[PDB]
Structure formats: structure tokens, C-alpha cells
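Student: Can you read through this structure? Questions will come right after.
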Amino acid sequence: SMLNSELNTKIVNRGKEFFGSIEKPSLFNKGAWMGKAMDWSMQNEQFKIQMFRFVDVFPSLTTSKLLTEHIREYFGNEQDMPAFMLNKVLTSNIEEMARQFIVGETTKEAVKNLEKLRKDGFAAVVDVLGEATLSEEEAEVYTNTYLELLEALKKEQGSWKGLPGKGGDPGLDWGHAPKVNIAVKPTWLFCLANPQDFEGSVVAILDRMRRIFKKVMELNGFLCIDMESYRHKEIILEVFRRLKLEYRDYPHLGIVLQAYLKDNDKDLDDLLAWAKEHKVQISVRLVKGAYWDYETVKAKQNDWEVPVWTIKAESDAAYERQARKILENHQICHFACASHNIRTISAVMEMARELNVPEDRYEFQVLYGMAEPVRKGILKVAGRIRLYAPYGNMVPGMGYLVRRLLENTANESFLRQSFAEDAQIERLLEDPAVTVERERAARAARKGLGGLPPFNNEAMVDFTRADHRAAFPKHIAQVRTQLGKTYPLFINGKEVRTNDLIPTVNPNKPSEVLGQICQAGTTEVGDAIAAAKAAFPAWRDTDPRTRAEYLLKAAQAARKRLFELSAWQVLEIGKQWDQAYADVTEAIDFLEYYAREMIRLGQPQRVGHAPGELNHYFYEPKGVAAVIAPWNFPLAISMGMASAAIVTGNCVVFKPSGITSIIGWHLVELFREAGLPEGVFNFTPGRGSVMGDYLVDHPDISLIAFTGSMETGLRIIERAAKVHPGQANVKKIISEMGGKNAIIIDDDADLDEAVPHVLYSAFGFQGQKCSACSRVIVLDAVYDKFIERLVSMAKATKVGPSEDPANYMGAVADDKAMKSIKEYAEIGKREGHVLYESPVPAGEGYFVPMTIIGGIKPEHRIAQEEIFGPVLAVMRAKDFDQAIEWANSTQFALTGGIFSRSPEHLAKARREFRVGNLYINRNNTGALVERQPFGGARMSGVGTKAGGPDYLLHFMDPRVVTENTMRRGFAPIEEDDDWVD
Amino acid sequence: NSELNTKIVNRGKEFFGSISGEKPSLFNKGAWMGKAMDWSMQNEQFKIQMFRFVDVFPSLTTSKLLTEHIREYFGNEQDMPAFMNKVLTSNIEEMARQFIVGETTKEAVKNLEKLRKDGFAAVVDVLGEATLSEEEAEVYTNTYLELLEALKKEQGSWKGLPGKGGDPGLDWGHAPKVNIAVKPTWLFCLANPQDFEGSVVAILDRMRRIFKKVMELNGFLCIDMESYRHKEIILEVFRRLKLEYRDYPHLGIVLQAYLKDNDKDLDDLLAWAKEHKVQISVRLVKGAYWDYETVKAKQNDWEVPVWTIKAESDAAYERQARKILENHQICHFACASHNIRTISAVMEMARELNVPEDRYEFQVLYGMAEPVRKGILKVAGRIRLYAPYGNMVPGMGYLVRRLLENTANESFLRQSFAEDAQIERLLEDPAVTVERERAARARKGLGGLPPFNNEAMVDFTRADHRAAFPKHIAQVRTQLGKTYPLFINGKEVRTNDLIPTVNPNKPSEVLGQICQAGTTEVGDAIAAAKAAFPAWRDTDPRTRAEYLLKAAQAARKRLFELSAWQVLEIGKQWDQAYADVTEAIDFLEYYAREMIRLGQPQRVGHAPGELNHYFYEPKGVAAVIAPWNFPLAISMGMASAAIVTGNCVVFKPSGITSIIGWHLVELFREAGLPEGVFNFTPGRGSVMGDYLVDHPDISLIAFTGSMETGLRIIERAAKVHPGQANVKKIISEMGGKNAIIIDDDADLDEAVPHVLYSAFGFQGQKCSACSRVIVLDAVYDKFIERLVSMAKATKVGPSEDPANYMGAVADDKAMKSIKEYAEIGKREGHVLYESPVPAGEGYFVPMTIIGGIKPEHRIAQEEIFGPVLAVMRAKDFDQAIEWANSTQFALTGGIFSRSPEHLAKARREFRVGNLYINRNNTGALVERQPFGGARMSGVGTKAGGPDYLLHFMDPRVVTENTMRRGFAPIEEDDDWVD
Ligand SMILES: Cc1cc2nc3c(=O)[nH]c(=O)nc-3n(C[C@H](O)[C@H](O)[C@H](O)COP(=O)(O)OP(=O)(O)OC[C@H]3O[C@@H](n4cnc5c(N)ncnc54)[C@H](O)[C@@H]3O)c2cc1C
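From first to last, the protein sequence lines are chains A and B. Read in order, the letters of the first sequence correspond to residues 0 to 21, 24 to 86, 104 to 463, 469 to 1004 in PDB author numbering. Read in order, the letters of the second sequence correspond to residues 3 to 86, 105 to 462, 469 to 1004 in PDB author numbering.
So, in C-alpha cells, the structure goes:
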């Protein structure tokens, strides 16, 4: 509009006067060493990656040997290094870089330097550096540091003259602002902060934030609650709202809001409306946001909507739009403009003039140590400028430095464009709404096959959503209205009841009987095999695209029942909410992936190129498949094995585990809803002592798909090898048989990541995963530090019923598992030494303590035998060679992990740590279809990888038809013929 | 010459002018044939339907067969072109009569006289189904004798065709009135340059009988030229018959200008005639087998023997016609062509060389190119019609060839009379056409390697290939008597248990002595392979593939030598031995390329912040237990596949082909393969067989052999013993009981020799061999008569003599086992044929055919692995399929059928691992026919195909979280936001 253009002219002219008054920030001073290192990082993305990852690992390089080797592995030798580049050249320069952005390493030093900044005319908001909070003790250390800082500031602020203002209180900064202002990171107050336990996380954080806030109010100071990643945004908003209402008359409490979030337009509207409704005032520090790359990656990894804008100008436009909304509401909402962008700052200054906002309702904030000319200009133009000033230990100071280097050298950074790229000032001061429309239009100007979308994994449950948080209590309650049923066999499209019933109960409350399961005798199993055999010829002759359609229909049937199917798993086998939902989404992924794989593999392909001849290569099913499924992934692996057999043209006789037979019945419901032909899927739970060998030995079985224990799998393999009278085929074995999986913790591991990932790998679903970490192999010189943090984090977690989301893990599968795991725990405590043994609930339930045992060596039984429970063995390796040797010292080879930031050690692990799925710098559990096709060799399996592009072939046999096309000396010319044209 | 070329173009222009727009009957769109060919020429799919229908038509001998084939080829009435049941039968029969001068000798003679009254001479040809026996050769021979006796009685009453001078009793004053053409291979059912001398003699002896009768009436005999396979044979028949009757002028030979060889062949033949002071006659043609020769050569990696630009054949024709005309004193000339440019060229060159008219005449095929025929009559006056006569069944096959000829895209007749091609282009000097076309002309590999191609088959059209086997067999006999040790960890290990290996066709000939490994030595070889495995596994896949490539080049340089060893050690025929070695080479070249393709880790998934790479790992030590019947091919295939995938091999060759097994030692050592990667441990199964299979350090077993042993291995290998690292992977091929179905509409000219070769090639010792031929009721009696009659022509004897079809079986144990099966089968069904065998030493089993066999019989179920063929009589096609599927095996199968419905039913329900349509069911090639089956024939692994190497490995995934401190590198295939 006309008015829009007139204000834009004022902003652009203010930005022009801003640039004209300024000279480069010190980070862009290419005379200094950090300016040279950053200049080459901005020209060479390969070097940027090396340098920034080096600074990240640098604080763990605690010996001369670690440091020298990492320097060579990251940067090469002295020949390949850049001109400005050893153990002294980098160490002093990197440490000097990190000190550029921190106001001190101790509280006393920080307070002295904060006083110096005041005499230069700058206010401050003080922040405490820290490694990630992984325990209650660490949360207390962080909390008590703020309390210590506030006590030091309390004794000094009385002697500080307020920064000069235009009027008001000469004891206050600019006449109105509190002299003491601190910022706190909420998740640093609770190591288990997680919206899966929303109330518990809010309360734990609020209780510590309240203790800090009371001290702040005694000082008449300001507390700002910082905003972190999207995972915790709603938690943090709720902490702010509760604390504000507890002290409704105290004005000096702020919250950060992130303009790069699509949610923020609504979140700001909501918070303003909420403050009006409750008749309180608030303060907002508006930022763009600090986690852009992380949010984009994390959402894409989980098929979630990306919560951030992804055109940089959209964040700039959102900031100016949201800053206007705050300034319009200045009577209720104090404003802190937190940006280094001259356009953004100039826009806020002119909007404040347009809206005639009193100066005591807005101030400007920049980070200590950067954008100095923008900082000096704000001081000279506005006069109210506060530095965000972190202080503390150099180890988290190094991580902070990396984030600042990333911020300043980003391709889209306003600072880089202004002071490194010689950008045109007109384009820099452009209305970002104009930039948005241009970038969108340019963008407006992976494919599937056969009209189907490409494969994508089904979205994980998203507990940032109120509706997802509410769904599990709702659907667990709805499931409890349908208990007590008798589940029959399902054979040839008919329900068949038998007189032999086995109850299935809640492992966390065994007095809760969920239903009764009919058991098949050998007669009923034989009927199921016969029905599968009779259905096989017409199913085999069904078009592969048509067979795949049944799987797609079953996938949509499960997708529509996702929370219901999950709730059943919570009760029948003690899955935690996330674990249950991930089991159902994996089942859906198998269906969607195997449908597409059969479509891909179902068309015959010409092979060879000789003329006068056509050879077509294609696949045939085998016949009847016995599918013997585990309880620990009761829908995922059951549906994967069964649907793979079915879509490739076989018919299935399915034995679910005797303790997850209701989940097994879900397969019946899903295939029935898909309209699958009768006999193609038959459901025969039964007693292995009655019908187990019968099923495996039967001459009409052509394939056995099994996931379970090594002892049972090896026995099945032995028995299936025999060809009985009337047996058409050599029986094909698809077998997955578990593991004894290790994670290696290298000297240079990032323990803030390694500790929580190891804890989840070991104790997620109380360790009942073939992929679970049961050995953590820790390098000698990091052992004591790692186990202290691991044990301290373990002590914060609670063991209890899985329907309660506050519990980390709960009861194991049944009484037999409990007895067997407890025996293994006693064996392990005699082999090594107990480091942690959790409390468990009193009363009923198959509870085994969360157990960590140290001093374990490869000779020990709990270093070799799969326990399948919450028992973690900690092993102390003398060097990295022994760590790999120990990792490889079992009969198994299923999964493994390594936390290391050494290129040489990672290369050695990739080559020699020969598990079927090796994970680098993350947990070794949670494989996804297509991304991590899953399975191993040695005693862990027969080298079949479910969820990958080699799997379906195992359910089939190849066939070739060769035709001589020549008649009377002529043959049709075919497209791919080798000919003479 | 430009002036000569202008005279030729003007001569052609007058020719087209004198034709007056007339079209040959095949291009007359007012007639039914013209409409059918018009639509065939506009619609390639209909051409295929109509031409294949005319081919199958003579076998549609019942009303049901006919009705069903019409519907299957053409659809229902609504789906048919307008010009289109009894109407179809009569129109096709009328088409065939257009090209045939009669059905009986008396009718042919009467119609040849009518031709004379219209001014045309003739050369008479006898129609016949393919000669598949000596009796059929005698019928064909005696038909020419009968024709000549009839012509002898008539020719004296024929006034000679008018000429300008010479003898009034001869045609045009000089040509004999009786002129016949004979197809040499119709005189011998086993004509094959692999037995060059035997083929020449057999053909020559019958050709001489015909020639004597020809000379008795002062007639002309022309020896026609057939496919390139027999070209040198036929040239040699002509030269010998010429020299036996050096003074008799009226003997001709056909030469084909579409052959690259023909410039030299014509020159050689003229020089030969000058050297021997004889005269010759040449009927120069372009050639009748062009599509076949191009296909056959491409199928065998042979140089295509024909020019492949059509103008090159035209240019060769004019060049070679000039050469003949220049040599008219020695060489009489028949210009056999329907091409007005070609004809005009010959006319003008003869005029410019002043060639006497008695030294050249013109020939066309009866019933086609009618305006061309008439124009030659008018301008030249000396025009002879090639006139076949005889039975309608071969008459239909001849009709198809004529329809193909007339409607070809490059046909001069199609271009002139269907396509309205420009006259100036039609009459252009074809040398100018060649240059323009060659100018216009002016499959890839991966990583600097050429694409995979199968190694060329031995080519016995070449004198050097025919001479190589006797020379290399003799060299092998200078190498007999050696002791062959074990080969373990790069070292020779001798034991004191020696087993001789002898020639199965002459057991008194001892080829050598083979050391036997005990369990100690097998344990040592397993230990050596296990110790070599870590560094071999860590060797780059491209480097491992390089050892296979070097081994293939080492074998290629020794091809005839390696072949000769197999002739003597296991009784391979020359072709079978060479094919064994080329298949070994193919495995090496193919698996090298496959490992290069599979050796690179691939990114899987597309999520950012994450890299997943999917790749493969070897297993460890592989036991390789190889058969004697493909002793280099399958040994090298199984061993090289295990090796290239990063495993190490302990290899047990068969106890009766251990010298061939030692060739793997020689080849891998020449390639420089690291020690311990390949270990050679022949041994007694009763001493070390279970020990090798049971051993805990074995991770994979690759086996080809009997079902009984394969199933034993599968059972024992499933056990996991203390210290065993892996569940043992089985790669197993266990033989078959393979059937070929002969449908009612089968082309028996093709089916009979393909069944014979499938059943008796390498005396039936192939897992793929046809041991059951399932024949539809209504064609049973005719099929077995022709099969037995062909079998009777073949000879059983030593494989080093190429005259023998098959020879001795593998050893004394096999001979006794097979002979016992033959006796069992003779009590179940009824003997149809039992060949003679040589007297004296040798493990000979008669070539044996037994009829009346039913699925309940032992020899319809049990694999005999020898020259014993069961013939089964099925009452209908459903029963034929049911009987084909009635065994416990499912390895190979064949069907001869020209019914789309029956072929579709076979493709779906005849569920063998390798089904072959209208050809033999043996002889699978790498990549073209990946080989192997399920049921009791194997575990679904297919050697020579793109799924095979994965069976020697296990997959592995590395997943890396690439995010540090909130940032990750962006990778090319990331799902991102730009
Ligand atoms: C009386 C007589 C007897 C014959 N006897 C025999 C015989 O015993 N053996 C024999 O092999 N043939 C024989 N032929 C020849 C054969 O049957 C064809 O009639 C003849 O080749 C057609 O040649 P053209 O000059 O009539 O027609 P055109 O249309 O001029 O020439 C067609 C010919 O060119 C050749 N040709 C087609 N495409 C290509 C290409 N892409 N590249 C290179 N060359 C190509 C083929 O030879 C084809 O037949 C005989 C022909 C006649 C008239």
C-alpha cells in the first residue's frame, strides 16, 4: 500500500544511516587468526565442516596424543593445511576465540566484567554456561550457580549508578529497568524434560525456576525464561504462565518467543490474550530462533510438519510482523528486540515511532562478543542496549563458540552478507515481505511409481500436540471397555473355537486379565495348513499388483486405528506409549514398503540381448509359510513376516506368541478388513509342546519365518532341513535370533549425547529388544566420568506401569522372563560389581530393577548370553583396539553403536565392528524400514534384512522362460536386441 | 565407370517403361494375397501373425486345431481385417500353389511343358521336409531320379527354345533342356562341419548318384548353396564332383554375394578351375538366409558373415558378376535376381565385354516378379524359372520364405511395387548407395570394462578350428602320467593315497594319478583359507574382480588346450569340451562385473542428518564340491563366485575329473591369487566328505550333484557345532527329470533334432538333459518314427573322433548303473531304439529310446544321467502338462508348440527353473539363461544370473548421525527444503 511504502522508506533510510555510520565485526577481521579461519570456512564448505567439528570435539582432547592425532585426522599433515595453520597454534587460538563470547569463567570474574560493561554504557542479561543436565545433581549445580550469581550481584548492585536515561529513577537503568537481569534455560533444570510426560516435566522445571525466581524478586531483578527446541516449547510456555500467575503483580518476568516458528503468530496472539484475560502484564524477548537446522532435520526424520519457516526472509518478515503486534500491545507487553540484523532493528525503531511507544516499553539486545558496529550504533542511536552475557566453564564455552561460529558464517546470515559478501545495501535493507514473495515465486517455477506415492515412513507420535498427549489415556480407557473376550482360531475365513484356553494378562498388573486365547491342537494346525495349501494356487496366480493392493488396504486399516492398536500393546505386553505407537507405525511401514517392493519385483524382466531369443527372468512363490512371531514387537514383526510371505504369493499359517495373542488377532482383523481371500492367512496360537514341531516338520510347509531366541531358531533350522515324504521343497528359513549388542564409548565421545542414548538403548522397553544395548564398552580414560553420569541419569528415572507416561520402563513380559532375568542379574552381580539397582513398585507386576553392573569382561556370562532384560554390563577397555576386539567377542552380530569423533576410529569401526546394523553417534535401537534394513549373520540370523530391498526375494524362487522367436528364418526385432542397424 | 553406369540406368529406365505399371500378383491389391500382404506390410504385428500362421497351417490337420489356431492368431471375426474359415484355408492353399509347378512328378512335367510354350526354360527343385534320416535322404534322392526318368522320356519331343544361333536341339541353341537344382544338406541328415570329411562324403555319394542320371540325359545339375554353416562343405562337394567328371560341362554351383567371403571364394574357385583346366558354372545370387545368419552370429559372438547394409550386397553382386563375365571362357553365368538394376547391370556389362550369349542366362523364381520375368523374356530372351514341385507341407514353408522375401523392407520388389519408390533411387549405382549409407552410420560397460558378452563358441566353419582339436589332443598325450598333488596355502602337498584317472572311451589310457586328502589335509586347507580370509575380505572388490579377469584371460589363451583335456578325461565331444571352457570364462567375466556392481556401498533412505549405507560382507570359508559333467565350467563358476565375494575356498573336484580341477590351480596361480584363497583338495568322500561339510569353520557349501548327496549335505550342514561362527549357507543344484512336450502343431523338423541333442548330447550326462519326451497322441507315431530314424543315423564312439554323436559315459560305475536303468525301462515300456556300440574297451552305453512310458514308471521319475530317453504318449495337452509336472524335480523343460494358448499355459504352469520354447532344453548361457531350480532340483539359486553373488554374502548397514552441535552436512539426495 501507499502507507506501506512510506514507512519502508523511513526504515531503509534509517538502515542506510546505520551503515553509513559504520568497519567490520572482529569475527570478519581477516587480519586476526579467527577472521582468517572463518574466511576460509566461508569459502570452502569442506574446511568449514572440518574446523567446526574440530572445535566441537576440542574440549575432549585432554592428552597430547589425543590432540595431535585429531589435528592430523581433521586437517591432514602440514602440507595440506591452510596458510594460517600445531598443538599450540590451534589451542591458544581456539581458546581465545571462545573467550570472545563469554564474560568470564567464574562468578567473581563475570561480575567484575559485567561492571566494566556498565561503565561502557551496556546493560546485561547474564546466562550460566553448562554441559547438558543429565541428572538431578547436575540440575542442582546449575540452579545453585544462578543462586550464587544472584547473591554476588545483590551485594554489588546498590553501588551501581543506573545507566543514563531521559527521566525516571536514577537508581534504575535508563530510569526504569532493573539492573539485575538473568536468563535461564528451562530444560537445564530437569534431565528428563519430555512432553511425553508433560505435567511431570512442567512441575520439575517450575519448582527449580521458582527457587531462582524468588531470589530474583528479593533483588528486585528481572528473570527471562529462554526458549529452546520445539520439543519443549509448550512445556516452557506453561512454566512461564504458571510462574507468572503465582506472582501476578511482579512485573520483571520475561519469556522468549521465536519468530522462525510457524506457530509463533498464534502463540503470541494466545499469550497476549491470556495476559489480558488474567489481567497481568508480560515481557517478551522476540528472537528469530537458534535451532533452525535441527528443527528441519528432526521433523524430516519423523515425517512431521517442519515447524520452522524454511525461507530465511520468512523469519525476517515474521519478526517484523510480530514485533509490530507486541509494540501495538505495549501497555500489556514489554518488548526486548533481540537481533543483530540492521534491517530488523531499523524496522523496530520506526514502528516504535509510528506507534508512539514509550521508551520504557522496549529495549534492544545483542549477544556479547558479536556485531560490535551494530551494537555501537544501537547504543548511539537508541541508547538502551543489553548484552546477553554467558559465563562459566570452557567445556560448554566451546560448544557455545561453535554455535556462534555457525551463526556468523551461515550463508543466510545478515552479518555475513553485510561484512563478508559485500552485499548490495538496497537488497540488505529490503522489506523482507518483498524478499519472501520473490523467493516463493522462484520456487514455484522424489517421484513414485505406478501412480503410488513413493515410500515414506509413517509419522511418529508427536507429543508436542495436545491431542496426541490426550489420545493414550483415552484409548487405554476405551480398550479396557472391551476386555474379557475369548479369541478363537481363524482358519479358512472362519472362527474356530477350542476348549483349551490360555489367559493373557497385563504384565504390569497381572490381576488384570485381558482375554482368553483358544489353543490349536495338531488337528487344527493341520486344517490351517490344508486351507493355506488349498488357497495357494489361486493366490499364486493373483496379479502381484493386486496382492500388493491388499497390503495397502491393510496399511490404511491400521493407520485409521493407530492409537487404538497402540493402547492394546501398552496393556498386553507393557509397551510405553512411544514404544507402542512405534510398533504400529513399523507394521504400517512394512505393509507400505512390501507392497511397493512386490510391484517393483512382480514384472518379468528381459535378460540377455541376443536377437532371435527372449529370456524373461521372474519370481515364483513357494507355498505354505509357517510364521512364528515374537512377543516383543507383537504387531511390527508379526505383520512384517506375514505380509512379506503373503504379498509374494505364499499363504501363511501364523503362530503368535502365547503372551501377545490379542495383538496377533489384530492381524486377523486387519487382513479381514482388507478383504484378503480365505485361507491366505490363518491364525493358530497353540502350545509349542503340543504343535510346535508338528508345524515346523509338516511336509506341506515350504518356508518358515521366525524371530525369537537363538536356541529355538537353531532347533527350527535343524528340524526344517529334513525333507519328509511328500515334501515338495527344501524348506527356506528366514530367521532372526537376537544379539549381545555393544556400544563403544571412545575417549573423545560427546558424553552429553552418549549417556542418554546408552540409557535408552539399554532400558527402552526394559531391554526387551534383540537390538538392545546390553554391553557398553568404555575407553579407560573416560570410564569414571561416563559411568558417574550414566548412573546419575539412571537414578533420575522411575520404574513402573507403562500406561503411566512418567515411568521410563516397567514390568518385563511375564513371570518366566522375570525369573530368568533375575537369575541373570544375580549371576552378573557375582561376575562384576553392581553400579545401580533401581527401586521397583511394591505389589504385583513382573518388575525387574533397572540394573547396571560394572567390571564385566568378555569371559563373563553376562558379557556373552542374551538376557533380554534391563541388565546392562559395563566393560572397561584399555585402548581402542581392545574396545573393538571386545565388541567382536560374542557369538552374535546384530547391532552395535559407537560414540566417537575420531575419523580414524570411526573408519576402523565401519570396517571391523561387523554387526548387521552399526550406528555412529546415536542409539543402536529403533531401526526404520528402508533407512535401516535390519538383521545379521553369525548366531544373530541367516543374513535376511527385513525392511530392505533384498528381503522379498527370500520368500520366492527365480524362474526363467527362454523362447526361440525365429520361424522360417525370421524373428520379430525387439527393442533391446543386439542388432546391426 | 560413369559411362557404363549411365547405360545401366537407361537400360533400367526402359525396363520400367516396358512393364507398363503392371504389379506382380503379390502386390495386386485386387487379389486376396495382395490384400493380405498389403496389410502385413502396413502392420508389423499382423505380418507376424499371418506369416507365423502360414508356417503352422500344414500341421492344422483337424477341424478343432484349425478353428482354435485361427482364433488364437487372428482373434474373433470382428477383430479381423476386412479382407479376412473355409475362405482362409482355400486362400492360403491357393497362395502356395502360386509358387509351385506341381504336386506330382507327372503334373510338374506337364506344367513345365506349358512354361516352354510360353518361352520359359526351367530349373526344377524337389520340395521336402527337412531330411532327418537316411531313409528321408533316399526318398529325396529317388524323387530326383524319378523326375529325371520322366524328363528323359519327354525332352526329345520338346522343340528347343528359340535362339540366335547354335544347335537347334538345345535351348536358345546351347542350353540343355533338363536343368535341376539339389539342396546338398537334404542329402545327409547329420551334415555338420564338425565332421567335415564325413559330411562331404555322404552328400557327395548321393549327389554323384543324381549327377550320373543327369549326365545320362545330357542335363544340367546345379548344386544350391545353403546356410554359412555348410558353405565350405558344399564348395568341397562341388569341387570333388567336378574333378570326377572334369569333361562334363553342365554342372553348376550357387555363390552368395551377400557373404563377405564371396569375393575371395569366387576368386579362389576361378583360380582353382584354371589350375585344374576345367570349366564351371556359377548361379550368382545375393542370398536367402540373411536374417538367420545375422541372428546366429550374434547369438554366438561370431563375426556376421553377411554384409549388413543391403546396398553392399547389391554392390558385391555387380562387382562379382563383372568378375564372372570377364572370365566367361572358364565360367558360365546364371544371373539369379529379380532386381531391375542388378539385371540391367549384368546386361550392360555383358554387352560391353562382348560376352557370348551362350555364357550367360537369367533366372527368377517361379510365381513371383511376373512383370520382371516378362521384361527379361522381351529384352534378353533367355529366362529360366526356378520351379519347385511336391508336397504341400514343405510347400507351405517355401511360401512363407517367398512372402518374407517379397515384403522385406529392403526388398527391391516391395520398394518398386508397394512403396512407389523413385526410379532414380531404385536404379542408382549401389556403390554410391553404399557410400551414402556408410556415411550415415558414422551397449556400454562400466568403469573402463567392456560390457559382458559371452565368449565366442568354437566355429568349425574355420579350417584352423577344425585342425586345432587333433593337434591339441596330441599335445595333451605328451603330458600324461603326472601325479597331481593337493594345493594348500600356495604349496603342493603330496599324500600316498593315489587314484588313477583314465580315458572313459579307452580305460587302458591312464591320464594321471591324483593324490587324495585325508581329514588332516582337509583340516589344513580349511585352516589356511580361514587364515587368508581377513586380508582377502579386506581386499577392495575391484581388486578381487581383477583376479577373475586375469584368470579368464589365462583360460582364453589356453582354450583349445583346456578343451582337449576334457575330451580325454571325461569324454566330452569337441564342441561340448570347448563350450565347457567358454562357460568357465563367462562365469569369470560375469562374476567379476557383478562384484564390481555390488561392491560399492549404496546410500539407503533420504532423511537428512543421517547417512545409511547398505553393502555386503563375505562369510568365511566356503566348501566347493564340484561335479564331473561340467568339470571346468561349474567348478570355476562356484569357486570364482565364492572367491570374488571375499570368501576363501576349499575345493573338492570330482574324483574322475581331478586333472580338470587342477586347471583351477593353474588358472588362479597364473592370475596371482593370494595363497590360501583357493585350495585344491580332491579326496575320498568316504574318508573326508562329512568332515568337510561338518567342520565348524565352514560357513558356506556350494554343491552341484545328485539329489541324495545334496539333501544329505543340507541335513548335516544345518547343525551348529561348538565354535561354528555362522549358520551354514547352502548353494545347491541337484539335477532333474526334464521333459520336452511335443504339441500337435509342433514343427517336427525342429523338434526331432532338438530332442535328440537334448537327450543324447554328451551322452545325456547333464542335469538339464531331456530324459522324458511327452508327445501328443495325434503326432506320436510320426514323431517317434522320425526321431528313431534320425537316431539310427548317429554313431556311438570315442569323443576324440568328431564323427561320433556321443560316446562312453563317465566311468564303470555309471555304465553299470545306466545299463541297469535301461533294463528296468525295457520292462516298463517298450524298446524303440538301442544303438550299436564299439567292440572292446570303453564305458559304452547304447543310445537308447524307450516308448510307452507313464508317470508311474521308475524311468519316468528317477534321474538316470545317461543316454536313456523315455517317450510318453499324452492323450491331450492338459495331460501333457500334468505329466510334465509329475516328478519331484523342476530344473529344465521344453515345449515345441505354435499355439499361443498352449505356450501361455506352459509359461504359467510348467514351473521348471528354465523353460525353453521351440528349442533344446540344454545349453544355458551366462546372463541369457541363469540356471537352477527349486523343488528337489535345488534351493532356488541361479548361477550365471544377477541374484547369484548375494548368496555368498550377507548384507550390512552402517547408520551415522551426522549432526554435531546443531548442524549437519547437506548430502546430495537429502530430503531437504530447497
Ligand atoms: C533362381 C534363383 C535361385 C536361387 N538360389 C539360391 C540358393 O541356392 N541359395 C541362396 O542363399 N539364395 C538363392 N537365391 C536368392 C534368394 O532366394 C533371393 O531370391 C535373393 O537373394 C533376392 O535377391 P534380389 O536381387 O531378387 O532382390 P533384392 O530386393 O534386390 O535383394 C534382396 C537381398 O539382399 C540381401 N539383403 C537384404 N537385406 C540386407 C541387408 N540389410 N544387408 C545386406 N544384405 C541384405 C538378401 O540377400 C536379400 O535376399 C536364388 C534366387 C533365384 C532367383
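Note that CB positions come from ideal geometry on N, CA and C, so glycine has one too.
Please return the same chain residues whose Cβ sits closer than 6 Å to the Cβ of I300 (chain B), not counting the five positions on each side in sequence.
Tutor: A293, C351
Student: Would you list, in sequence order, the uninterrupted beta strand (DSSP E) runs of no fewer than 3 residues that lie entirely inside the stretch 205 to 254 of chain A?
Tutor: 240 to 243
Student: Got a sec: is the Cβ-Cβ distance from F729 (chain A) to anything in chain B below 7 Å?
Tutor: no
Student: Run through the DSSP bridge pairs and tell me what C793 (chain B) is partnered with.
Tutor: Answer is none; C793 (chain B) lacks a bridge partner.
Student: How would you call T988 (chain A), buried or exposed, if buried means at least 16 neighbouring beta carbons within 10 angstroms?
Tutor: buried
Student: For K755 (chain B), count neighbouring Cβ atoms within 10 angstroms of its own Cβ and tell me buried if that reaches 16, exposed if not.
Tutor: buried
Student: State the start and end residues of the unbroken alpha helix (DSSP H) segment that holds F513 (chain B).
Tutor: Annotation: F513 (chain B) is outside any alpha helix (DSSP H); the continuous beta strand (DSSP E) that includes it extends over 512 to 514.
Student: Using a cut-off of 8 Å between C-beta atoms, extract the partners of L424 (chain A) located in chain B.
Tutor: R991, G992, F993
Student: With a cut-off of 8 Å on the beta carbons, I'd call residue 465 (chain A) and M816 (chain A) a contact; round off their distance for me.
Tutor: There are no coordinates for residue 465 (chain A) in this structure, because the numbering of chain A runs from 463 directly to 469.
Student: Could you check where the beta strand (DSSP E) with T874 (chain B) kicks off and where it finishes?
Tutor: Element bounds for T874 (chain B): 874 to 877.
Student: Taking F729 (chain B) and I669 (chain B) to be in contact with their CB atoms under 8 Å, please state how far apart those CB atoms are, rounded to whole angstroms.
Tutor: Incorrect: roughly 16 Å between the Cβ atoms, too far for contact.
Student: I'd like to know if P634 (chain A) contacts chain B, where contact means its C-beta is closer than 7 Å to some C-beta of that chain.
Tutor: Closer than 7 Å to some Cβ of chain B, the Cβ of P634 (chain A) qualifies, so yes.
Student: Is it the case that the CB of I329 (chain B) approaches a heavy atom of ligand 1 more closely than 6 Å?
Tutor: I329 (chain B) Cβ: within cutoff of ligand 1.
Student: Could you pull the start and end residues of the beta strand (DSSP E) that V835 (chain A) belongs to?
Tutor: According to the DSSP assignment, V835 (chain A) belongs to no beta strand (DSSP E), since it is labelled neither H nor E.
Student: Could you check what DSSP says for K808 (chain A) in three-state terms: helix, strand or coil?
Tutor: helix
Student: Answer yes if the stretch 269 to 282 of chain A comes into contact with the stretch 323 to 343 of chain A, meaning at least three C-beta pairs across the two stretches below 8 Å, and no otherwise.
Tutor: yes
Student: 7 Å is my cut-off, CB to CB: does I72 (chain A) come that close to chain B?
Tutor: Not one chain B Cβ lies under 7 Å of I72 (chain A).
Student: Taking all protein chains shown into account, do 16 or more other C-beta atoms lie within 10 angstroms of the C-beta of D838 (chain B), making it buried, or fewer, making it exposed?
Tutor: exposed
Student: By Cβ distance, which residues of its chain are closer than 6 Å to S20 (chain A), with the 5 residues on each side in sequence left out?
Tutor: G395
Student: Does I740 (chain B) have its Cβ less than 7 Å from a Cβ in chain A?
Tutor: It does: the Cβ of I740 (chain B) has a partner Cβ on chain A nearer than 7 Å.
Student: Cβ atoms of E741 (chain B) and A744 (chain A): under 7 Å apart, would you say?
Tutor: yes
Student: Any residues in the stretch 170 to 187 of chain A with a beta carbon nearer than 9 Å to a beta carbon of chain B? Which ones, in chain order?
Tutor: none
Student: For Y380 (chain A), report the span of its beta strand (DSSP E) as first-last.
Tutor: 380 to 385
Student: In terms of alpha-carbon separation, which member of A:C541, A:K316, A:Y265, A:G122 lies closest to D1000 (chain B)?
Tutor: Of the candidates A:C541, A:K316, A:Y265, A:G122, the one whose C-alpha sits nearest the C-alpha of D1000 (chain B) is A:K316.
Student: Under three-state DSSP, which class holds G186 (chain B)?
Tutor: coil
Student: Residues of chain B with CB under 7 Å from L976 (chain A), in chain order?
Tutor: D973
Student: Does at least one heavy atom of ligand 1 sit under 6 Å from the Cβ of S357 (chain B)?
Tutor: yes
Student: Can you name the residues of chain A whose CB is closer than 7 Å to the CB of residue 2 (chain B)?
Tutor: It is not possible to answer for residue 2 (chain B), since the shown part of chain B is limited to 3 through 1004.
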